[PDB]
Structure formats: structure tokens, C-alpha cells
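Secondary and tertiary structure notes
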Amino acid sequence: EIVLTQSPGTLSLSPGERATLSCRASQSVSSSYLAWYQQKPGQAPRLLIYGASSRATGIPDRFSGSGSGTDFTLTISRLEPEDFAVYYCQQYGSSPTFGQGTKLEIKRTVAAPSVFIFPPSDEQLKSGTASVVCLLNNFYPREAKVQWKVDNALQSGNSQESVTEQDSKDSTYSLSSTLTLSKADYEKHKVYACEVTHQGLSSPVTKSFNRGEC
Amino acid sequence: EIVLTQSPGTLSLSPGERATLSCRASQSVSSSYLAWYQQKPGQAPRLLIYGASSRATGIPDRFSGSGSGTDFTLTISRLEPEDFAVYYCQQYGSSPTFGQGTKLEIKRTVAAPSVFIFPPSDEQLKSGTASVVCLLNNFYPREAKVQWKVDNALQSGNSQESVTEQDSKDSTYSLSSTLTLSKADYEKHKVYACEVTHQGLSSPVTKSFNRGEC
Amino acid sequence: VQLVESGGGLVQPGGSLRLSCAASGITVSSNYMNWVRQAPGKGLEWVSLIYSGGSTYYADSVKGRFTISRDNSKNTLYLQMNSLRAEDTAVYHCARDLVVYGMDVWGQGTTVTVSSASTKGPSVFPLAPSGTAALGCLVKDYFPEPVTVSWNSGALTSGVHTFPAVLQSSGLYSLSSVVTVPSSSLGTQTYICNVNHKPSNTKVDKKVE
Amino acid sequence: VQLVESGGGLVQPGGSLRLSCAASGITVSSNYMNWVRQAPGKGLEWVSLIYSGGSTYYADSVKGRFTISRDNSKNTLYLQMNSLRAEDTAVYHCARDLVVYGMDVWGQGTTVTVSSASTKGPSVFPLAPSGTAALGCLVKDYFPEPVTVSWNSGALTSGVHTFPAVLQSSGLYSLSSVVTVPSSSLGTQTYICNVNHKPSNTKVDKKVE
């Protein structure tokens with residue numbers, strides 16, 4: 001079957017510049033079936049390119065397809081604000097197949113995060129489960145690492161993360177890493193730390209608390 | 001494909017006697033897919049025989065199947081009143097196909113019809129259409145002929161027939177024939193004859209009227 | 001153990017409709033299932049087969065216009081019909097196929113009527129006589145079926161014959177209902193047929209004299 | 001020119017549901033029509049194709065569980081989902097394929113969720129603090145989607161961060177909502193998060209201190 005690998009996983013550029021998106025097929029592929037689509041959050045996709053180089057009606061002049069065989073390239077000459085979204089490529093043999101997707105992202109000043117750690121609320125410690133939340137407020141770039149340490153012991157597989165959409169005001173990100181533990185296993189240690197590693201920090205910041213200490 | 005040919009189309013026998021319904025297949029056929037069904041007037045079919053000679057549960061001993069190759073026969077050893085219905089046969093290759101159906105009705109005496117003819121009402125002659133009705137009441141067997149003579153002109157393609165189900169009390173049928181003409185074509189002629197022909201009549205009886213004579 | 005059909009009604013030529021078949025006693029997802037129709041006064045006609053493994057089979061008369069499907073959580077078989085024609089007018093059954101053991105469970109079925117007609121009411125004209133006398137009523141030009149014709153509001157039944165409707169060239173139905181009485185009673189007993197056609201909210205009571 | 005999807009909702013694992021796609025501006029029976037779903041935070045996955053001529057094609061992940069149908073006069077494309085699983089939880093779109101000219105018309109879609117989950121209630125725990133300070137509210141163990149989190153009944157908006165929900169091992173969602181305020185205003189301003197989960201008839205105002 002046909003498989004379409006889009007590169008890169010996410011492209012990071014500022015307005016006015018030129019984006020060069022890459023769609024890659026697994027075998028030689030016709031240039032008449034390879035459509036490009038644009039999808040903005042919470043909306044259906046928009047057809048941008050069809051065939052391989054043709055603008056759908058109502059698609060302005062900044063958008064342009066190219067390529068053939070196995071490598072095809074959507075290119076946007078001069079980026080505008082409304083062009084930051086996700087872009088998929090189509091190919092169609094016996095049936096349609098899509099690519100995984102490429103994200104556009106606003107490059108900004110390399111900004112350090114704001115690192116906070118919270119202990120479990122006393123209410124939740126009655127229910128029998130402890131959630132230890134670590135907040136990283138407004139950093140850039142999106143790429144960071146949260147490492148939970150419990151009594152000088154690396155924590156693995158018991159945390160979960162989530163991130164917000166690139167903020168429309170200061171074009172930065174925010175992350176929430178939740179460590180979940182049983183009340184019994186919580187009461188078995190003392191030092192809970194969250195050591196963050198980001199490009200805006202000269203050395204890894206570590207916020208921490210000690211259990212049961214006002 | 002497979003095509004099934006039941007014979008006879010209409011089998012007439014009295015209660016008690018033995019019924020031999022025939023089903024004919026257009027080509028060689030496996031005895032393992034051939035079923036018989038019973039349909040009483042206004043009821044969904046009932047599975048009677050499956051495979052070729054196997055009674056479905058709830059079906060009495062009086063029913064019994066047989067046959068192989070291209071000819072098969074359903075056999076009702078001793079008829080009963082509730083066995084007077086239509087009987088279909090099934091065969092099946094890539095998909096099911098059925099037969100045309102055999103009607104099994106009561107065989108009674110040779111009772112002669114009683115003929116009546118009706119002119120179009122004055123109310124309809126205001127509408128602009130003339131329906132002339134001829135009635136044949138309580139007769140057996142079902143096989144009869146109705147002929148319209150308008151001024152001794154045998155009328156063709158302008159009449160219709162319908163017949164009641166064999167009556168539950170005396171095992172007799174009844175037929176209705178309607179001659180639809182226009183008010184102008186009706187008033188062009190005088191004698192509207194309906195000449196009936198049946199086995200209970202030594203010679204055909206005609207009932208007729210003269211248009212506009214009280 | 002039951003098979004109950006729904007969805008059947010009136011549709012114009014070129015329209016569509018979907019027939020429901022709610023099952024209890026057998027699970028549709030685990031059976032060969034069939035759709036078999038019966039045109040008026042005609043024999044049975046297989047239409048749609050569906051394997052328990054999703055594979056489907058249709059007769060050449062409805063290929064490309066019908067679609068058979070099911071719904072396991074609800075335990076209901078469906079038959080979708082598109083681009084309907086007049087010939088498709090029939091009563092439709094859903095039945096379980098055991099292939100080698102025949103079809104052992106049927107549903108009473110639903111009635112489907114395709115025509116480009118409307119839903120009008122019938123006119124009642126009389127049929128008057130001149131050793132038994134004959135008189136009757138003509139219920140002509142009405143769509144759709146049925147109508148109900150009694151005599152004397154149900155008192156007169158001995159000797160009554162109401163006929164099967166005929167579908168005229170106009171696309172409208174028409175039938176006749178008669179009764180045979182002793183000739184002498186023509187001047188003593190009053191004869192009135194009773195015609196009701198629920199589709200058109202029409203009820204008529206006509207005196208034959 | 002529109003494609004309007006209906007039918008989406010919650011289904012237990014192993015149950016069945018049918019989705020609708022109402023059209024205007026294109027006539028469905030003449031077009032290639034496609035069903036394409038999108039799981040939360042995933043990409044586009046092609047699901048079901050249907051030719052103008054009725055030929056069907058399915059992706060291997062749904063072959064045997066999904067049926068694609070239409071209906072000419074109702075101009076509505078359908079998708080029958082059977083034996084649903086957890087993976088099929090997604091937003092489901094219908095689109096008009098022009099093959100070479102790609103898919104030029106799409107619908108905003110209807111959301112499908114699959115889970116033996118129940119409904120419970122979102123427990124709201126405080127995220128209390130002890131240059132700038134941070135406080136928040138942990139909304140934990142509610143299902144299904146979604147919840148609305150405001151602060152000071154809408155007054156405080158500057159610096160608020162409502163995180164997208166994560167789905168825990170129990171089959172239960174959970175998210176956090178935080179706000180950064182000046183470190184001094186801790187003793188003077190009252191901070192209460194406002195949480196509302198309409199499915200479970202649950203609204204909470206928790207004070208963080």
C-alpha cells in the first residue's frame with residue numbers, strides 16, 4: 001500500500017518567512033492525486049493543493065505545490081498569521097491514504113519557564129490517592145523535560161503530561177506534569193522534587209517540597 | 001442461474017385425497033438445499049420440508065418430501081381443510097431462488113354461474129366516464145370467460161377482471177368484469193351485451209340492456 | 001421468537017425508503033439474513049442475502065438500488081432501497097437463512113407502494129336490478145388501498161361478495177361489492193352499502209334502489 | 001454547499017451506532033463520498049469510500065464492523081458502526097471526493113466516544129501555594145468530556161492556563177487549571193475557581209488559599 005511520511009514533525013518559523021513542507025511516499029506515485037490540506041483547530045480541513053501544483057479556488061497565491069515521483073513540496077512564500085495550522089498530504093491508489101501531519105509554529109525569543117511544584121491537597125489524602133502536580137509556566141521553545149525524583153530516586157511510568165496550544169499573546173507554551181501515587185506509598189517518602197531542563201535555564205531548575213511541612 | 005418450474009399451476013382436489021405437487025429445476029441440483037414452504041392467504045410462509053425429505057419440526061406426518069436430480073415432489077398423504085393454500089419451492093446456489101407457486105384449492109361440484117349486468121349510473125355519466133358491470137355469482141370451477149358485445153362488436157383491451165377467494169361455505173368463486181368507456185364512446189352505441197361462457201352452461205348465456213331504456 | 005418489519009409506506013417513483021426488521025429470538029449478527037418480497041397476486045422473490053460474515057448478495061432486479069445492513073447492539077436488520085420503481089410495489093419479508101435447513105423464521109412483513117399518484121377518495125355509485133335479485137356498489141377511483149365495504153352496517157352478510165380491487169390504467173384502484181337477495185324483497189327491504197376509506201377521511205353510505 | 005454530520009455519541013465497547021451526514025449543494029449519490037475520522041490529537045484516517053456506482057471500499061481497521069450506505073431522496077450519507085472498540089473514539093467527517101481534484105467539501109463532523117466508563121463526578125482539589133506566585137485547581141476523575149473552568153466567576157482571566165484533559169488508566173479524564181498572580185496579592189484577593197461538568201450535573205466553586 002501507499003504510505004506518506006511528512007517531514008518535519010513540526011516546523012517552527014515566524015511570519016513573513018517561507019515554509020517548505022515535505023511529503024514523502026513509499027513507492028513511486030502519480031502526481032495527479034496528491035492533495036494538500038490545511039486544518040485549523042476545531043475545524044474541518046481545507047483543500048489547498050490538488051493534483052500536485054494546482055490551487056483550489058479561493059486559495060491565495062502564497063500557497064504552491066511542487067514535486068513528483070516520491071518527493072512533493074508544499075511551499076508558502078510569505079507567511080501570514082492565518083497560515084499557522086496543521087497541513088496534511090493525500091495520495092490515492094485504490095483508496096485514500098493520508099500523512100501523519102506537519103505543524104507550523106511561531107518562533108520566538110528563547111524564554112525560560114516558571115517552575116512550581118505543588119503537594120497533594122489534604123482532601124485528596126482522605127480519598128486514598130495523591131496527585132503531585134508540577135507546573136511549567138510560559139517557556140519557549142516547547143521542548144522540555146520534567147523529571148520526578150522521590151527520595152533521590154528517579155520516577156518512571158507513573159506521571160502524565162499535557163501542554164496548551166501556543167499562546168496567542170506571547171507565543172509561549174505551558175505544561176502540566178501530574179505524578180499519581182497511592183496514599184500508602186506517598187507516606188513512605190519525604191522529599192518530592194521536580195527537576196526541569198530547558199534551553200532557557202543555564203542549569204536544571206529543581207523545585208521541591210518535603211511531605212507534611214507547612 | 002437456477003430456475004424453478006412448479007406444475008401444475010392450479011391443483012384441484014377434495015378433502016382426504018392425496019396431493020402431488022411438482023417442482024422442476026432447470027439444471028442438475030443438489031438434494032441438500034431444496035425446501036418447501038406453505039403460505040395461507042395473508043400469512044408469512046411456513047417451512048415444511050428442508051434438505052429434500054426432512055420434516056421441519058411441528059409439521060405433521062401427512063407431509064413428506066422426495067426427489068433428486070432435477071425433479072422433486074411434495075406429497076400430502078391425506079389432505080385436511082387447513083392445507084388449502086399456495087406452496088412454493090426453494091433452491092439455492094450463490095443465492096436463493098424460488099418457484100412460481102402452486103395453488104391448492106377445494107374440488108367441489110359443477111355449480112353454474114348466475115349472471116347479472118349493470119348499466120352505468122346517471123351520476124357517473126355526469127363525470128364523463130361509463131363503467132358497465134357484469135356479475136357472475138357463486139360458480140365452480142374457477143374457469144370462465146366473459147365477453148363484452150357493444151352492438152355485436154367484441155370489445156378488447158378496455159375491460160378488467162377480478163375474482164374472490166373460494167368461498168368458505170360452498171367452495172365457489174365469483175367474478176367481476178368492468179367495461180370502462182367514455183361518455184361519448186358510450187353514447188355512440190345502444191346494445192351492451194355480456195355473454196358468459198362456463199362449464200355449467202349448455203350454451204352461453206348473455207345478459208344485456210339497451211342504453212336509455214327504463 | 002419473532003421478526004417484526006417496519007418502515008413500509010408510500011413512496012413516489014425515484015424516491016427511497018428503508019425497511020426495519022427488529023428481531024427477538026435470534027441474533028442478526030450471527031445469521032444469514034434475507035429479504036424476500038411478494039408483489040400483489042404474485043409469487044415470492046428473493047432480494048437480499050447477507051452472510052454472518054458481512055458478505056452480501058443481491059438479485060439482479062435490485063442490484064445497485066438496494067443496500068442491506070444491520071445493527072448488532074439494537075439487533076435489527078435494515079434494507080435500504082433507492083431509486084424506487086412501480087414494480088417494487090410489494091410486501092417485504094425478512095427471514096433467517098439456514099442455507100441447508102431452509103428459512104425457518106419469517107416476519108409478517110410491511111407493505112410498500114410506489115406510484116406517482118396522490119391519496120384521493122373513492123366515489124360510490126349504485127348497481128341496481130330490474131328468482132333472486134342482484135344489486136351492488138361500485139367503489140371506483142381511489143388511492144391508496146384499502147377500503148372497507150359492509151352492507152346495512154353489518155346486518156346483511158349472508159350472500160355478500162366484495163371483490164379484489166383492480167389497478168386501473170389511471171393508477172387508481174377500483175372494486176365492486178354486491179349482494180344477492182330474493183327478488184320479491186326488492187320493494188320491502190332497504191339496501192345501503194357502507195364505504196369507509198381511512199386514508200382520505202372519506203365515509204360514504206349509498207342507497208341502492 | 002454543506003455536509004452536516006449527526007448520530008455521534010457515547011457507545012459501550014461492543015455496541016453499535018449509526019452516523020448521519022446531511023448534504024446540500026452536492027447530491028450525494030452522484031459523488032464519491034468518504035468517511036474520515038480523527039482520534040483526539042491524532043491525524044486523519046481514511047475509513048470508508050463509496051463510488052457513485054455503489055462500489056464500496058474499507059480500511060482494514062474497520063473492515064467487517066462498519067457499513068457505508070446512502071439514501072438518494074434524503075441526500076444523506078450514513079455510516080453504520082458495529083462491534084465498536086475503544087480505538088474508534090474520534091471525530092468523524094464526511095467529505096466529497098473528486099479523486100484527482102481531491103476532497104473539496106468537508107463537514108465539521110460529529111464526535112464518537114467508546115468506553116465501558118460511567119459518569120461519576122469531577123472532584124475539584126485545590127492547588128494551594130506556600131516576584132510571582134502560582135495557584136490552581138485540579139479537576140480529576142470525570143468522564144466523559146468535557147469541563148469548563150473559569151476564575152473569579154470570569155473576572156480573572158489574565159494569566160490563566162486551562163490544560164487539555166488527559167485520560168487516566170482508570171478510563172477517567174483529568175486536567176488542571178492554573179493562574180499566576182502577583183505574589184503580594186495573596187493576602188488581599190480571593191481566588192475561587194469555577195468548575196462545571198454538564199454531563200454529571202456538577203458545578204463547583206472551590207476556594208484556593
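Residues numbered from 1 in each chain as written, not as in the entry; some residues may be left out. Chains lettered and ligands numbered in written order. Part of a larger assembly, values for the part shown. Heavy atoms only, no water. Residues with missing side-chain atoms left out of burial classes, pairs and counts.

Quick word on the overall build of chain C
Each helix and strand in chain C was counted, giving zero helices and 19 strands. Computed over C-alpha atoms, the radius of gyration of chain C comes to 22 Å, more than 25% over the 17 Å expected from 2.2 N^0.38 for 209 residues, which places it beyond the range of a compact globule. Seen through its C-alpha atoms, chain C measures out along the principal axes to roughly 70 × 35 × 25 Å. For chain C, the proportion of its 209 residues judged to be buried stands at 50%. (Helix = DSSP H or I, 4+ residues; strand = E, 2+ residues; numbered from the N terminus. Rg over C-alpha atoms; globule rule 2.2 N^0.38 Å. Buried < 20%, exposed > 50% of the residue type's maximum accessible area, 1.4 Å probe, protein only.)

Describing the state of the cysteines
All told, the structure shown has eight disulfides over all chains when counted by the stated rule. Through a disulfide, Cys 134 of chain A is tied to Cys 194 of chain A; the S-S separation comes to 2.0 Å. On the sign convention where negative means left-handed, the S-S torsion of about -85 degrees between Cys 134 of chain A and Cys 194 of chain A marks this disulfide as left-handed. Of the two residues, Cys 134 of chain A sits in strand 14 (residues 129–139) while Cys 194 of chain A sits in strand 18 (residues 191–197), which places them 60 residues apart along the sequence. Judged by its relative accessible area of 0%, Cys 134 of chain A is buried. Classification of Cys 194 of chain A as buried rests on a relative accessible area of 0%. Listing the disulfide partners of chain C by sequence rank of the bonded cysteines yields 1-2, 3-4. For chain A, the bonded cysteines connect in the pattern 1-2, 3-4 when numbered consecutively along the sequence. Free of any disulfide, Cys 214 of chain A has its nearest neighbouring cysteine sulfur in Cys 137 of chain D, separated by 19 Å. (Disulfide = S-S within 2.5 Å.)

Some details on the interface of chain D and chain C
Of the residues lining the interface, 13 residues belong to chain D; the matching set on chain C comes to 14 residues. Counting each side, the surface lost to burial between chain D and chain C is near 1,000 Å², with a carbon and sulfur contribution of 36%. A per-residue breakdown of the area chain D buries against chain C is headed by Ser 16, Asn 72 and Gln 80 of chain D, which together make up 34% of the total. Summed over the shared surface of chain D and chain C, the number is zero salt bridges. The interface formed by chain D and chain C contains seven residue pairs in polar contact. When the residues that make up the side of chain D that touches chain C are grouped by side-chain class, the tally is no nonpolar, nine polar and four charged. (Contact = heavy atoms within 4.5 Å. Buried area = accessible area lost by both parts, 1.4 Å probe. Salt bridge = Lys/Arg side-chain N within 4 Å of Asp/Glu carboxyl O. Polar contact = N/O pair within 3.5 Å; in protein donor to acceptor, adjacent residues only side chain to side chain. Nonpolar A, V, L, I, M, F, W, Y, C, P; charged D, E, K, R; others polar.)

Some words on a nonpolar patch on the surface
Side chains of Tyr 33 of chain B together with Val 100 and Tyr 101 of chain C sit close together on the surface and give an oily, nonpolar patch of about 260 Å² of accessible area. With respect to the helices and strands, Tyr 101 of chain C occurs in the loop between strand 9 (90–97) and strand 10 (103–106). (Patch = residues over 30% accessible without salt bridge, like charges linked within 9 Å, V, L, I, M, F, W, Y side chains within 5 Å. Areas by Shrake-Rupley, 256 points an atom, 1.4 Å probe, with all protein chains shown as cover.)

Focus: the relation of the copies chain D and chain C
After a rotation of 180 degrees and a shift along the axis of 0.0 Å, chain D superposes on chain C with an RMSD of 0.4 Å. Here the two chains are linked by the operation of a two-fold rotation axis. Using C-alpha coordinates, one finds that chain D approaches the rotation axis most closely at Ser 69 of chain D, a distance of 4.1 Å. Interface overlap between copies is the fraction of interface residues in one copy that are interface residues in the other; for chain D against chain C it reaches 92%, indicating a shared surface. (Least-squares fit on C-alpha atoms.)

Some details on the pattern of salt bridges
Where side chains of opposite charge bring their charged atoms close, a pairing between them can arise. Tallying each qualifying case throughout the model produces 29 salt bridges over all chains. When the shortest N-O distance is used, the salt bridge between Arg 62 of chain A and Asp 83 of chain A registers 3.7 Å. Remark: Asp 83 of chain A occurs in the loop between strand 9 (71–76) and strand 10 (86–92) and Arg 62 of chain A occurs in the loop between strand 6 (54–55) and strand 7 (63–64); sequence separation between them is 21 residues. In this structure, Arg 62 of chain A and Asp 83 of chain A share a single accessibility class: buried. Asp 167 of chain A is the salt-bridge partner of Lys 169 of chain A, the closest N and O atoms lying 3.6 Å from each other. Residue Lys 169 of chain A is classed as exposed on the basis of its relative accessible area, which comes to 67%. Classification of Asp 167 of chain A as buried rests on a relative accessible area of 19%. Here the salt bridges do not stand alone but share partners, grouping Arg 62, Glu 80, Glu 82 and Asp 83 of chain B into one network.

Some words on the interface of chain D and chain A
In this assembly, 43 residues from chain D lie in contact with 41 residues from chain A. Interface area, chain D with chain A, both sides summed: about 3,400 Å², of which 65% is carbon and sulfur. When the buried area of chain D at its contact with chain A is split by residue, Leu 44, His 161 and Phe 163 of chain D rank highest and sum to 17% of it. Where chain D packs against chain A, one counts zero salt bridges. At the junction of chain D and chain A, the tally comes to eight residue pairs in polar contact. A breakdown of the residues in the side of chain D that touches chain A according to their chemical character gives 24 nonpolar, 14 polar and five charged.

Remarks on the domain arrangement of chain A
All names here are of chain A. The assigned domain composition of chain A is domain 1 (4–106) and domain 2 (114–210). Each of domain 1 and domain 2 has a C-alpha centre, and the two are 36 Å apart. Domain 1 puts four residues into the contact, and the matching count from domain 2 is six residues. Of the roughly 420 Å² buried between domain 1 and domain 2 on both sides combined, carbon and sulfur atoms contribute 33%. At the surface where domain 1 touches domain 2, the tally comes to zero salt bridges. Scanning the region where domain 1 abuts domain 2 turns up three residue pairs in polar contact. Tallied by class, residues from the side of domain 1 that touches domain 2 come to one nonpolar, one polar and two charged. (Domains from an automatic or database assignment.)

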